[PDB]
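Shown below, as structure tokens, is a lone chain in the form deposited in one PDB entry; questions about how it binds or moves come after it.
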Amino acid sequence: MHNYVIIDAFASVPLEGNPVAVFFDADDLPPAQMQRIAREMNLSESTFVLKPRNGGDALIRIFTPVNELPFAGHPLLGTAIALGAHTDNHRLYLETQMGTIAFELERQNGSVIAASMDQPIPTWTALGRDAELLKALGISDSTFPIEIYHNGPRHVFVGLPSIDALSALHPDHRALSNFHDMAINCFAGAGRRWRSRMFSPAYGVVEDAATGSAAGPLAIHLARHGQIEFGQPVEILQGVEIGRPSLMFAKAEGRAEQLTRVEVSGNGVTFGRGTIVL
């Protein structure tokens, strides 16, 4: 049997944020069985905690209901928060297909309430499909350049001129399905405070609660386009329109041509705990 916990990542209140199921002591599960369990749970992702293979604290395998992923933000944040309940360490090194990811755990009275992660440094380029994407979103233009970032998944960023304009979007999800292997992240805000909405037929998401792997890229995008500086953190509020408000904090250090660190942090909270029969 296996114990699991359901963590709402990028939230401090249950039923907010973005859920992940975390399965402990998973070394006896073949990968095909992990995939079947992730399909059974049908959450955005289920993760599985394994013994480390390269000097980290644990190896984490990440599964959507259909495929394994090499890296994902909210699932790894939730995993760090869940595992932090079972260690006294101030930081946790979680091995993934993309390498060993460092977390810094934040506790109050032994309970891990938040964590910060160092993400893969993304690459980026112009999407080059602006008219098609804007038509699918139902708008005439973006504020800032429409660029697509890669850090495992791919994330496109489209800027809106106000938070009210962001909330008013009603995208044509059929038209968005022509955008393969990417998520579409629409954003608005100013200064330290930004709002986002994410849509991705390709990744099986009508509209996402908290797209943690997009938070780092968004900080880079805002710094490149002069809205913040490199080294300054932003607070990104996502998921409001779908009733799953999520707070992601992100910072990118260095300069566009020589990024040295991309950090993303958030709260997490336990929604439930249980045991499965295999």
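Each residue number is its position in the shown sequence, starting from 1. Here the rigid core means the biggest group of C-alpha atoms that line up within 1.5 Å when the two forms are laid on top of each other.
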Mean CA B-factor: is it higher for 263-271 or for 250-258? 250-258
Between 74-82 and 89-97, name whichever shows the higher mean Cα B factor according to the PDB entry. 89-97
Per the entry, which of 148, 114, 186, 131 tops the list for Cα B factor? 131
From 32, 237, 234, 69, residue of greatest CA B-factor: 32
Ranking every modelled residue in this chain by its Cα temperature factor as given in the entry, which third contains residue 107? middle
Based on the entry's values, in what third of the chain does the Cα temperature factor of residue 159 lie: lowest, middle or highest? lowest
If you rank every modelled residue in this chain by C-alpha B factor, which third holds residue 242: lowest, middle or highest? highest
What third of its chain, lowest, middle or highest, does the C-alpha temperature factor of residue 44 fall into? highest
Record-listed C-alpha B factor of residue 176: chain third: highest
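Beyond the structure shown, there is the form deposited in another entry, which is absent from this document and is the topic of what follows.
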Listed options 247, 223, 50, 234; Cα moving by 2 angstroms or more between this form and the one not shown (core superposition): 50
Flag for residue 209, CA shift 2 Å or larger between this form and the one not shown after aligning core: no
Superpose the two forms on their rigid core, then report whether the C-alpha of residue 110 is displaced by 2 angstroms or more between this form and the one not shown. yes
